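**Student:** Once you've had a glance at the structure underneath, I'll fire off some questions.
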Amino acid sequence: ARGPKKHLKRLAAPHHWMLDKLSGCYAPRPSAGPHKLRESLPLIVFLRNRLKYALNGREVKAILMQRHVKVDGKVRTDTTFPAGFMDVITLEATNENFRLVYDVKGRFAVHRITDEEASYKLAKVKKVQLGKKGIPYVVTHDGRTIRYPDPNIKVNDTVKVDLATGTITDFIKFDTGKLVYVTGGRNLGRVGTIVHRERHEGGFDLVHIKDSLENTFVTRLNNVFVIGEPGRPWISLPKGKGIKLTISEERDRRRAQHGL
Amino acid sequence: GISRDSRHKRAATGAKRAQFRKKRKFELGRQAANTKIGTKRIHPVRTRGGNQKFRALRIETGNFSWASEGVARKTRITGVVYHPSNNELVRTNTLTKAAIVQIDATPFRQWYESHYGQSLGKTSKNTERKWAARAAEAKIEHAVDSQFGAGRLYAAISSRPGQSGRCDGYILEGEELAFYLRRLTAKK
Amino acid sequence: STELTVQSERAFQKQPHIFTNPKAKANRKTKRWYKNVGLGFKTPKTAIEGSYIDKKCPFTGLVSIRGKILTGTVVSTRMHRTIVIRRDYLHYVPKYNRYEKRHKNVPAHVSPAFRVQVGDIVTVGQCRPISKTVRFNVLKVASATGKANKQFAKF
RNA sequence: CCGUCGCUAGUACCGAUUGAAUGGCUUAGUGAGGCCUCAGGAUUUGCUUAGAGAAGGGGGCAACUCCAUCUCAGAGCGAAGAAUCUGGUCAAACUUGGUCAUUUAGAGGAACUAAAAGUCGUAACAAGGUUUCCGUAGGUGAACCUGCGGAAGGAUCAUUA
RNA sequence: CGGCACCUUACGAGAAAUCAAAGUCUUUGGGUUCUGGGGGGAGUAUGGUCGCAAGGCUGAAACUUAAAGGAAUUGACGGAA
RNA sequence: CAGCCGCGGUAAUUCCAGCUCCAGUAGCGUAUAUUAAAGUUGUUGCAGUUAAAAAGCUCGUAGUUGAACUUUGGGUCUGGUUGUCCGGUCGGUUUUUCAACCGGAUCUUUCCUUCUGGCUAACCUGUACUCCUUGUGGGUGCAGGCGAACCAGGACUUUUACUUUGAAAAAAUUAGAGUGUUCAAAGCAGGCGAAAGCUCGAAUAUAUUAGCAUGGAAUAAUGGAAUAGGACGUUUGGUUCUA
RNA sequence: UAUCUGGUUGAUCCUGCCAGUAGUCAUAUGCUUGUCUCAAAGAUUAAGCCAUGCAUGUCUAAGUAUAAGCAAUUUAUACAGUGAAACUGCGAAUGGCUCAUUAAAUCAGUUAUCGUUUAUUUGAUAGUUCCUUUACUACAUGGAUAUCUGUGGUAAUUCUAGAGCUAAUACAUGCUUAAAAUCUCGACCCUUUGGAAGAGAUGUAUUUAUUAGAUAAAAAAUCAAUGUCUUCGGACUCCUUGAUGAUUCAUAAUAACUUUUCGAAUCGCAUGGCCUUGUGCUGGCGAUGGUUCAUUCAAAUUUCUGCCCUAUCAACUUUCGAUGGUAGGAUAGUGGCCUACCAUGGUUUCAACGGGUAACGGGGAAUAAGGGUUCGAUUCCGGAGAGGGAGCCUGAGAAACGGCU
Ligand SMILES: [Mg+2]
Ligand SMILES: [Mg+2]
Ligand SMILES: [Mg+2]
Ligand SMILES: [Mg+2]
Ligand SMILES: [Mg+2]
Ligand SMILES: [Mg+2]
Ligand SMILES: [Mg+2]
Ligand SMILES: [Mg+2]
Ligand SMILES: [Mg+2]
Ligand SMILES: [Mg+2]
Ligand SMILES: [Mg+2]
Ligand SMILES: [Mg+2]
Ligand SMILES: [Mg+2]
Ligand SMILES: [Mg+2]
Ligand SMILES: [Mg+2]
Ligand SMILES: [Mg+2]
Ligand SMILES: [Mg+2]
Ligand SMILES: [Mg+2]
Ligand SMILES: [Mg+2]
Ligand SMILES: [Mg+2]
Ligand SMILES: [Mg+2]
Ligand SMILES: [Mg+2]
Ligand SMILES: [Mg+2]
Ligand SMILES: [Mg+2]
Ligand SMILES: [Mg+2]
Ligand SMILES: [Mg+2]
Ligand SMILES: [Mg+2]
Ligand SMILES: [Mg+2]
Ligand SMILES: [Mg+2]
Ligand SMILES: [Mg+2]
Ligand SMILES: [Mg+2]
Ligand SMILES: [Mg+2]
Ligand SMILES: [Mg+2]
Ligand SMILES: [Mg+2]
Numbered sequence: 002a003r004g005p006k007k008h009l010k011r012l013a014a015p016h017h018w019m020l021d022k023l024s025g026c027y028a029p030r031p032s033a034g035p036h037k038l039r040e041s042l043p044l045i046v047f048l049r050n051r052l053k054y055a056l057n058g059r060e061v062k063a064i065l066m067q068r069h070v071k072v073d074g075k076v077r078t079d080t081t082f083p084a085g086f087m088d089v090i091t092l093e094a095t096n097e098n099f100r101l102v103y104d105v106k107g108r109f110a111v112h113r114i115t116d117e118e119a120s121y122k123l124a125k126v127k128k129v130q131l132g133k134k135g136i137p138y139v140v141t142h143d144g145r146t147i148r149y150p151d152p153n154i155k156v157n158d159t160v161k162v163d164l165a166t167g168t169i170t171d172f173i174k175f176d177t178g179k180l181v182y183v184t185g186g187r188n189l190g191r192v193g194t195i196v197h198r199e200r201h202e203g204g205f206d207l208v209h210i211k212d213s214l215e216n217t218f219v220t221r222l223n224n225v226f227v228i229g230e231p232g233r234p235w236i237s238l239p240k241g242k243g244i245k246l247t248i249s250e251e252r253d254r255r256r257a258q259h260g261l
Numbered sequence: 002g003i004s005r006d007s008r009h010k011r012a013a014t015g016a017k018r019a020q021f022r023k024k025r026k027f028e029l030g031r032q033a034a035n036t037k038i039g040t041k042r043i044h045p046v047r048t049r050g051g052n053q054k055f056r057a058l059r060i061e062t063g064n065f066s067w068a069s070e071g072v073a074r075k076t077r078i079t080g081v082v083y084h085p086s087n088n089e090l091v092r093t094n095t096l097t098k099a100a101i102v103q104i105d106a107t108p109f110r111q112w113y114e115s116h117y118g119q120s121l122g123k136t137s138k139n140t141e142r143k144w145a146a147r148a149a150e151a152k153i154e155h156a157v158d159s160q161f162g163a164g165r166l167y168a169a170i171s172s173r174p175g176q177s178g179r180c181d182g183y184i185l186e187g188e189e190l191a192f193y194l195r196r197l198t199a200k201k
Numbered sequence: 002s003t004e005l006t007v008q009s010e011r012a013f014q015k016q017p018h019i020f021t022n023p024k025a026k027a028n029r030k031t032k033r034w035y036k037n038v039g040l041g042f043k044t045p046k047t048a049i050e051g052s053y054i055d056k057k058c059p060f061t062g063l064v065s066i067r068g069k070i071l072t073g074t075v076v077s078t079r080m081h082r083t084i085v086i087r088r089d090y091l092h093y094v095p096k097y098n099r100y101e102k103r104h105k106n107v108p109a110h111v112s113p114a115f116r117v118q119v120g121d122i123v124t125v126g127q128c129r130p131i132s133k134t135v136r137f138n139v140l141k142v143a144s145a146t147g148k149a150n151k152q153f154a155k156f
């Protein structure tokens, strides 16, 4: 209506915040950034509801101002900066380096990553075009645009970005039997190998993907992110490791593991 | 005010679509420019996304282009010779896109005199060699030559001057040109 | 329907930005540009061989096929360069647990590549809005004959 | 137990008033206001070397060992630029008509319903005292009668040769 | 083989008279068209439409009312036997 | 008073008061709607001889429906999945004697879409024949060559409906797991230490209309060779090519 | 958490309704009412009318500050501490409210923009402004306007006329910084194998042209143009090219135009490195701007399928765009969106069109065996509207109403 909408109501807020239904009218609208509103995570939600390093919004703001937070090398001061999938949040006091990675259920898991790994960022490939002055450039689904990529870096590949410099360390070619991580819908957060690629002219390229448990599932190509070669992922994944157990199994795990 | 709504326009069938909402700005369409030829005038208009959009008004001159040679020049227009949408634009003489026009041609001639240097209508020793190397490439399609001789080249203007501001067009050649000529003849 | 005259408006029509070089001397003269539409649809030879222009042709023009690909029988061929497809289908109603026989028509642009008659089954690709209602463009007349050659019975 | 004619209430129906009201469309005529547009030029100024009085008006009588010099008559060349304004265009609204919907006064009419005790009949129910119906015409004070044809829900599943 | 037609049991039915279909239906579904939803107001009002008309087809509501019906049972009664 | 049935006409259990007494209880009545009950709107699931209901009759376009017939049967292995046979075991686990059940490959006069090529994995192999219990236990190994082990491009698909699993159907709601808001209605919390730090969570399922995806080929339609202008191909000519 | 009872009757079994019974984040109301948690609440009639007050403004180490303010004292002989006011910026298009319209419209899911704009966002990034090349704007270009202070009008209004100064990331002008390569021009010699001294032009946007942006396999004969190396029989060899299902795509060149956009005369800290010992040439951390390409926030459209009652609406649309075409115009762009010219289409018993809705759509709500039926003004998502209808400014975004006409 009449131009860009500026608020986000707390029910309309995306579920993988894991916000309270109650406790205020609104939720933080993640501002214009390198990630899509619903597939993002603002710095309020991270430092208040997940980590609980700030008891409230004001506290979070204060922390931001203090400038111990750094989402992907640069500093940030905006409460509602959309830090999305693969973004590396480093709090310099604590030295609690994090990478924003999904849990098997779907929500963003707080992955307490080491200092040596929290340095690069793995990122997908959205486009490969040439800009002005005839220079080829790659675009990432995770924000950045990098000039001059190795000619054999094509669409839907993944790219290890040095992050500090904002360059290209290395890449993985998207292909059959190469470790992949899922970022869309019912399979969001799982991890698998890649078996097929149903081509389909226009209407969404599907991908048959099996996990470590030999459990198959299918997703669209845009909802899949190439994380390594089977056995060696390029990033440390959280406990569970994109398996996603059955409900019964989960229950069993819960009520077997009673260690007071 | 002047809108581009498909809200109005009854329907594919015919039912009178009721006035759902008051029409919006994003649906708007401005008043027509219909540029004549009589002193150079331009007015911009701040469009959507800002973005100025020069409206030609009474536009004299524009770079009309050859095909065969691959060139265009700082060339004046004379008159609206034949517009294939509507003949009201020939009485009023309102220059527009794909209207056929007559081109001052002097500039073109001058350019030719540099380019090939053989003259249309009817020094220095190493440049002679260059000249020899060039020329006898394009013989030109008679009508064009005649136009040149006259001082009035037949073109079709192909820049939309109500949008662009510039009045840049195209020297007519071949089949299309012939057709245009025929049409003109029919008219007169 | 209609066709034949080629260059026959108040204006005169070419494939835009595409050039019939008078200096150069080819046999074709008219440099016929053409599009390969894809999605597993062949460019009909009538389009590449012939003469007609059409902005609204998907093989010899600037209209690009994308989005949905419908099919359907043709009801009306009466208007110029466009067809009225009639896309029959069934609508479910759970209170009874049965179906209706429902209608919807589709006015679609036809490139003179194809000969389209009444009662011909026609595959049609979505594209740019061509007109008021015409948002669709014919790519394959499936019933090429439909017992046209084999009409007479006597041996 | 059925009608007519009475009395008392209420519902709607029709209905002259050249009825009244609201809105929706709408003919013709007008047409506010902006937008573009044709001009129009209050004012504001830059650059021209355009002559000063200036007390080193550029580092010592002098085109100042003349300085964005003292600065207005210049005038030329611009740039921006109001009211005002020529045609469009969008078009509110108004004026007077026309029209559809919904409301709503409305003298009178002609109905129907209710109610416990009105009046003249006894139509139907018993072969209800001319058997009932139905269709249809015609009549009558009201049921109703009576033609014609039909039906039995008939007052007969019956007359043999 | 075909249309204008009795008796018993009904296990099939049906409220019952009765029904060899009015059966194969709460053990609910062979294929179709049409019609009805308490009685009255009313086959009216209105508009349509059809007619030379009489009338036809089409077709309300307001309002009113606890019954209106059906089938049979026993009675009572009948200018029925 | 009484929704309705009805009570009232000098013996009211129904009106108006006391006591008793019932029901519900910090609630209970009344009014209108509406859902249930209503199989009194009926697809499931009603009626039409007489209770309301079969057009007086036939014709008839739409619609709705519509007889049966084309691949059935047998073998040969091979994956599971729970009951069995003991717990072979430290109340749980791994096979066999067995089972039904659901697949898969095939072979049966049988093609599952077919090729132009990439990778031919494999040995149908046999080139030297042997590391070696007396052996067809076992593999360094490469000219002919089994292609399904995958692609990456043609060629052209009879087309549906139906059903399969899948991907998408915002959160709140609904269903629903976990959890001592003191209980619950809720809520997304919490939980455990040295009580110096550590730590579980914030699930899952639905929504079937339409589109997308894939398997299935019964059912129902559709389609094809009867002027065969048909199919193939060692055709043999050609004709138009295109390049 | 599948349930039925009273009522025609003299009694009987049905048709059948009435009546009861139960529920309602369904309203009202009548009595009553101690506590804990929870809490809707001028929708229904009048999208009727409104006194008063409030509901959008806002400055940081970092835009401008000689308030003749505060406060003051141990950076100002151009400035430096705080800062009213005002100009610049940005914001006011969100939010909140309400449900009047609106019935294939909105809306739901589903596609698409190869059909477009997109302040903000984070990623990116511009030696070519010069125009003959022996004496020319740079260590900083210009004049305004507001605060103020002063001269006022008015019955009044968030009213602002005149003078005096006075700024800016105001708003205007405007400097540096080439080599190469490629394309148009050019003093002759020496009879061919022909071959060059040297002069001009070439950023980015803008416009139409025009070229490249290739690509299903191997091997020739020779006819016209006739090139390189000739080891003078002749050889010719290594000859470029992204993405998509798909383009006239990305994009790069040739050609011009252009009332030549842009190309940092910008603010806070810090005050380094070489001496050709000038105050020389040099170099850090940041702010804001500014170009198209990304992205993000979005934006218009747009594909498919789906709405409540009505035949006491069967034809409607098409003079006044209906359907399609061609061309233009317009638009950010598609498009009968509008104009011209032509064709006669387009929809419809698979209910078009019309009428009604005490209809905003959906999520959902109530009821609750299964199937259903009714409700959805209302906490979320969309859409509309700001008394009605119209028009427009500013702006990335409004046809805004706590903007204007
Ligand atoms: Mg696509
Ligand atoms: Mg812009
Ligand atoms: Mg006017
Ligand atoms: Mg008698
Ligand atoms: Mg009698
Ligand atoms: Mg009698
Ligand atoms: Mg009589
Ligand atoms: Mg009735
Ligand atoms: Mg008593
Ligand atoms: Mg009901
Ligand atoms: Mg019934
Ligand atoms: Mg009957
Ligand atoms: Mg009858
Ligand atoms: Mg009859
Ligand atoms: Mg059959
Ligand atoms: Mg629950
Ligand atoms: Mg029920
Ligand atoms: Mg009775
Ligand atoms: Mg009784
Ligand atoms: Mg009831
Ligand atoms: Mg109200
Ligand atoms: Mg809002
Ligand atoms: Mg080309
Ligand atoms: Mg291009
Ligand atoms: Mg057009
Ligand atoms: Mg509703
Ligand atoms: Mg309404
Ligand atoms: Mg609603
Ligand atoms: Mg309302
Ligand atoms: Mg809302
Ligand atoms: Mg009001
Ligand atoms: Mg307004
Ligand atoms: Mg207000
Ligand atoms: Mg507002």
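Protein chains in written order, with PDB author numbering: chain E, 2 to 261; chain I, 2 to 123, 136 to 201; chain L, 2 to 156. C-beta atoms are modelled at their ideal positions from N, C-alpha and C, and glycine is treated no differently.
What number of angstroms, rounded off, separates the C-alpha of E/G260 from the C-alpha of E/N153?
**Tutor:** If you take the alpha carbons of E/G260 and E/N153, they lie about 52 angstroms apart.
**Student:** Would you decide whether I/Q160 is buried or exposed? Buried here means 16 or more other CB atoms lie within 10 Å of its CB.
**Tutor:** Under this definition I/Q160 is a buried residue.
**Student:** Can you tell me whether DSSP reads I/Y167 as helix, strand or coil?
**Tutor:** Three-state result, I/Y167: strand.
**Student:** When the cut-off is 9 angstroms and only beta carbons count, does E/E202 lie next to chain L?
**Tutor:** By this cut-off, E/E202 is an interface position.
**Student:** Specify the secondary structure class of I/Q32 as computed by DSSP and reduced to three states.
**Tutor:** Note: I/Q32 maps to coil in three-state DSSP.
**Student:** Between the C-alpha atoms of E/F226 and E/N157, what's the straight-line distance to the nearest angstrom?
**Tutor:** So the two alpha carbons sit approximately 8 angstroms from each other.
**Student:** My guess is that L/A109 and L/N138 are in contact by the Cβ rule of under 8 angstroms, so how many angstroms apart are they, rounded?
**Tutor:** About 6 angstroms; that satisfies the 8 angstroms criterion.
**Student:** Count the other CB atoms within 10 Å of the CB of L/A145; is the residue buried (16 or more) or exposed (fewer)?
**Tutor:** Under this definition L/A145 is an exposed residue.
**Student:** Distance, Cα to Cα, E/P29 vs E/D104?
**Tutor:** Those two C-alpha atoms are separated by around 22 angstroms.
**Student:** Kindly list, in the order they appear in chain E, the residues whose Cβ is closer than 8 angstroms to that of L/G126.
**Tutor:** None at all; the shortest Cβ gap to chain E is about 11 angstroms.
**Student:** By a C-beta neighbour count over all protein chains shown, 10 Å radius and 16 as the cutoff for buried, is I/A163 buried or exposed?
**Tutor:** Its Cβ having fewer than 16 others within 10 Å, I/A163 is exposed.
**Student:** Can you tell me whether DSSP reads L/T47 as helix, strand or coil?
**Tutor:** L/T47: helix per DSSP, three-state reduction.
**Student:** Let me know if L/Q16 comes out buried or exposed under the rule of 16 or more other beta-carbons within 10 Å of its beta-carbon.
**Tutor:** The residue is buried, with at least 16 neighbouring Cβ atoms inside 10 Å.
**Student:** Could you name the residues that DSSP lists as bridge partners for L/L71?
**Tutor:** Partner(s): L/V125.
**Student:** Using a C-beta to C-beta distance shorter than 8 angstroms, which residues of chain L count as neighbours of I/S177?
**Tutor:** Under the 8 angstroms cutoff, chain L gives no residues; its nearest Cβ is about 16 angstroms from I/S177.
**Student:** When the Cα atoms are used, what is the spatial distance from I/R11 to L/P130?
**Tutor:** Each residue's alpha carbon lies about 18 angstroms from the other.
**Student:** Run the proximity test for I/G51: is its beta-carbon closer than 8 angstroms to any non-hydrogen atom belonging to ligand 2?
**Tutor:** Yes - ligand 2 has a heavy atom lying nearer than 8 angstroms to the Cβ of I/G51.
**Student:** Would you call the segment 191-198 of chain I in contact with the segment 77-89 of chain I, where contact means no fewer than 3 C-beta pairs closer than 8 angstroms?
**Tutor:** Flag = yes, the segment 191-198 of chain I and the segment 77-89 of chain I touch.
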